[PDB]
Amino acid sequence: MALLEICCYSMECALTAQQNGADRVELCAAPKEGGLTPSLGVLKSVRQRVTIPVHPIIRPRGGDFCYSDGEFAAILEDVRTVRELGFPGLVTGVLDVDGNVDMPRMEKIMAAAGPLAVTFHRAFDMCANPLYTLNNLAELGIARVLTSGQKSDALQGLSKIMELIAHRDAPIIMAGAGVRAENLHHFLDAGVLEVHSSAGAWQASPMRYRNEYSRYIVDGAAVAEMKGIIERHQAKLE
């Protein structure tokens, strides 16, 4: 049975994902930035309203993952905060200017994260030396890695993704980027244990007066369909 993780940009979307079969949620803010740390209000809101596992992303800004000491100070505090709020895991990633995992920094994040299941995000796809990196993530105690096989979308990086899976058992490899109902079977047939999807859609602004404004939300039906595909596939596997 493959694990279905849905990226949500609001508490309502995470709830919709939960009610539609999602096994886990990656909680983010700012879709146009690729996902940034949610405000404390959103975090607390989700802890009070969402029951399935929620992993908040810890990312102060978009762009690269070579944070300054100031941004890093905030990141450590956010990690401690997410742990204290009771989340079972979190998502983050830090690299040096050459694309190598910043080990000293990641170790400090792991220490602050405590028992939390940490996901090293797509910073992995911007890094050099995939295997060497996986070995080091395993050394840090990273639970899983969100990756597209270092390609524009996970389907293109499918052969690489399979390589990662066959290289080490840990961290768990989670396919992400462009993963949708139409191509889910590719990942399942390849033996991917966890898949990440935005199950995104655009809802028009209800704004009647003006002078973009569409909201990026989770399509509940899309989530259910993907979970359906996952259940049948695991079933077809006898």
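Residues carry their position along the shown sequence, with the first being 1.
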{"query": "Unmodelled stretch of the deposited sequence separating residue 211 from residue 212, binned as none, 1 to 3, 4 to 9 or 10 or more", "finding": "10 or more"}
{"query": "Stretch with the higher entry mean CA B-factor, where the candidates are 20 to 28 and 217 to 225", "finding": "217 to 225"}
{"query": "Higher-scoring stretch by recorded Cα B factor average, 161 to 169 or 140 to 148", "finding": "161 to 169"}
{"query": "Residue with highest C-alpha B-factor in the PDB entry, from 40, 54, 195, 190", "finding": "190"}
{"query": "Deposited CA B-factor, highest of 207, 50, 58, 175", "finding": "207"}
{"query": "Ranked C-alpha temperature factor of residue 63 among modelled chain residues, by third", "finding": "middle"}
{"query": "Entry-reported Cα temperature factor of residue 2, expressed as the chain third it lands in", "finding": "highest"}
{"query": "Residue 14 by Cα B-factor - lowest, middle or highest third of the modelled chain", "finding": "lowest"}
{"query": "Relative C-alpha B-factor of residue 112, binned into the chain's lowest, middle or highest third", "finding": "lowest"}
{"query": "CA B-factor placement of residue 46, once the chain's modelled residues are sorted into thirds", "finding": "lowest"}
